[PDB]
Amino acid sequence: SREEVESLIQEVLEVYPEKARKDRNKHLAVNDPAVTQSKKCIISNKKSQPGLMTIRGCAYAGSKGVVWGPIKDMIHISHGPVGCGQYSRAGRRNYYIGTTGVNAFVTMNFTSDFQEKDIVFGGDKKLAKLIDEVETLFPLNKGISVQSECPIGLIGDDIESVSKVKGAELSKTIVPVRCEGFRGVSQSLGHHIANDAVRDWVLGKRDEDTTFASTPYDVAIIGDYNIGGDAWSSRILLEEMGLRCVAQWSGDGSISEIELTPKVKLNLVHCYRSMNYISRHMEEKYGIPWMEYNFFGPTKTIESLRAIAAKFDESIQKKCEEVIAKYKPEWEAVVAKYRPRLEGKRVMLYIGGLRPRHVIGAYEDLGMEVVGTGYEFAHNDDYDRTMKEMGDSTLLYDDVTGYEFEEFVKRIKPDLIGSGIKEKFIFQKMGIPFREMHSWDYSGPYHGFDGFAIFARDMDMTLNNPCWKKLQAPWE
């Protein structure tokens, strides 16, 4: 109940020194869907307090790991010392089709491996030489991006001049990205920086090229990074409905299909957080409308398909109803098998900037209740959307600390937790089923009708696993 949730927040905050207490209070809230502006209840997108074990990453993760890294036929340089690119090598399951090392390069780690001489004298000469070596040893790459790590902006390197000069010399696309980890407060500013880099260096290359012919049905999937194949199980529904998916940003994405995107008729935005910036740009510059949609679970997928079709003519609306009729026995069979196993179970979530609200409908399609949710780096407009999706008097947490999250869980006692790899092994030891809701725990896809079957199978297999009844020894 509301009063009990507020007392819970206050009791957990007691451990903090005064300064941290006053700030963390602004980031914890009891849901109120009737409030028109979320900033009146919860504050977000602020600096993390020092020493409290935030779960956030940095702008390089938001740029290299999230937006640019999945683009499959370009080579992305982790520019700076060796650590960043090694820890982020192949940790994110942005799936693609390619011949890795030959024409696609996603799971490789290219780096300038800065040594002390590079810090002291600058890395611009090294970057120039590295680019020539890339061109010799990977001749089928279709472009290079330069993903700046922390020291680049600190030592005063000019990667923009390198990219302009070398790009002219070799007639190749070289994209400088200033996503140093000290910028911003989280992955979020990295998204924005990465969007602006696409805008400034790539997206306009075909503005004067009129060889590609549009159709009235051309769309682009904006903000789906194909985790476990999510975007493919989305694309198949859109093209069964009669549309033509010209581009995927950026899961399984090629640089050409990015350059073809200003030719589409409608931008379909899944991840609003990471890609609303470029969607707004394309509306302003090219007049392309954009719309948000949601492909988690049958209720939202059906909702989305119909809303998308309504932007087109009668033939697409007809094909939409034919797609919905095709899959109805499939997801009804998923519900009939798995909803009785999961009904009434309560879940707490903590994820990045989209899924903490976007997966709610999928859990509700299996009879489960989301009793607490939060984000690492969402903004006010994400929370605007969240309070409408979550039930009254549920718990919301922004940039939750390791300590808060453990205390919230202990009091609330959810049946399932969905969060990340740094959270997973904490809560299994407490006897609480846990599902990774970034990596899908090496399963998926979860998007679409085909993904719902896997999602339902996965929540059942973990929540109801026999191992959870064995944690207390019979002699204790």
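For every residue, the number given is its place in the sequence shown, counted from 1.
Judged by the one-third criterion across other entries of this protein, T36, though modelled here, is missing from at least a third of those that model both its neighbours.
Just going by the entry, 222-230 versus 164-172 on mean CA temperature factor gives the higher value to 164-172.
For the pair 211-219 and 277-285, the mean B factor over Cα atoms is greater in 211-219.
Listed residues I193, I258, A378, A90 were ranked by CA B-factor as deposited; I258 comes out on top. By the numbers in the PDB entry, the CA B factor is greatest at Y327 among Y327, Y272, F105, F114.
Sorting the modelled residues of the chain by their CA temperature factor places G352 in the lowest third.
The PDB entry assigns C467 a C-alpha temperature factor belonging to the middle third of its chain's modelled residues.
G51: CA B factor lies in the middle third for its chain, per the PDB record. In the deposited entry, the Cα temperature factor of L396 sits in the middle third of values across the chain's modelled residues.
Looking at the C-alpha B-factors along this chain, the one for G242 belongs to the highest third.
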